[PDB]
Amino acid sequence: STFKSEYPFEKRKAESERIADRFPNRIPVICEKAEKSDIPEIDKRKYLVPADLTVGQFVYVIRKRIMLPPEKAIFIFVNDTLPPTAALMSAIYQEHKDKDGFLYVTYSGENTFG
């Protein structure tokens, strides 16, 4: 079950507001495995991301977390888009942040846009 499904809106927004107060330079991100993929599962889904990171830098960390070998594919989706790894996480946040203040991303071993 998804982070969004487990916690009511007021709790999720309360959390992202607390992160805004305590860690103004960190992006609050929810990172979950996509449905129709056999990619490995992830042990943790809530991340505080330094605001300067690129998507590619973020992906490097996620790949390590799920112990993906370097030859295997991964794709990070946001809002039914596939952002380039050159993009800034700060820019992705500004465009795609949820009403609750988190940025929601999903990862997959398959590129649904192919």
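Numbers follow the displayed sequence, beginning with 1.
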{"property": "Mean Cα B-factor comparison, 65-73 or 82-90, giving the higher one as deposited", "result": "65-73"}
{"property": "Mean Cα B-factor comparison, 39-47 or 55-63, giving the higher one as deposited", "result": "39-47"}
{"property": "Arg22 by Cα B-factor - lowest, middle or highest third of the modelled chain", "result": "highest"}
{"property": "B-factor third for the C-alpha atom of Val29 within its chain", "result": "lowest"}
